[PDB]
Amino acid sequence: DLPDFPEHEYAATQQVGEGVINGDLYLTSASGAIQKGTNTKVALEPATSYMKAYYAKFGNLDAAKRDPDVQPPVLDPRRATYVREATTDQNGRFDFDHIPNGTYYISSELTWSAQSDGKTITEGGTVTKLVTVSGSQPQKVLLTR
């Protein structure tokens, strides 16, 4: 499962800042059609050894490829205070303000329904990337896979 919550790793992070993050969220259907993530929540949190272990198993996983017997574990309640959040607009665009200097996981979940042989298929899943912030203007994040 997950390692012990690393207090030192969270204590060493800068918790105040001026950085701006811009990006776009989308995934591709099995048919090749692009699906934009509209009015979808996007999370931005410190890139720790704790969340590296979590995102390895559940961060870039298709909903069709999920094990029904395997459920994601309950995370330490101390982690929530470090999570920043944004909702994408009508075009899948998201924005974050006052982002501190540091290294982060930027993560979202985008699923939708498709039809095939008269049966309903669940498409998409989770998508997670690394973003580094030094100065106030990092590059845009294309949150896709």
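One rule holds for the numbers: they count along the sequence shown, beginning at 1.
- Set 115 to 123 against 74 to 82 and average the Cα temperature factors; 115 to 123 ends up higher.
- Stretches 106 to 114 and 64 to 72 differ in mean CA B factor, with 64 to 72 having the higher one.
- Annotation for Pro3: C-alpha temperature factor in the highest third relative to the rest of the modelled chain, per the entry.
- The PDB entry assigns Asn91 a C-alpha temperature factor belonging to the highest third of its chain's modelled residues.
- Among all modelled residues in this chain, the alpha-carbon of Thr28 has a temperature factor (C-alpha) in the middle third.
- Sort the modelled residues of the chain by CA B factor and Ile99 lands in the lowest third.
- For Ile34, the recorded CA B-factor ranks within the highest third of the chain. Only modelled residues enter the ranking.
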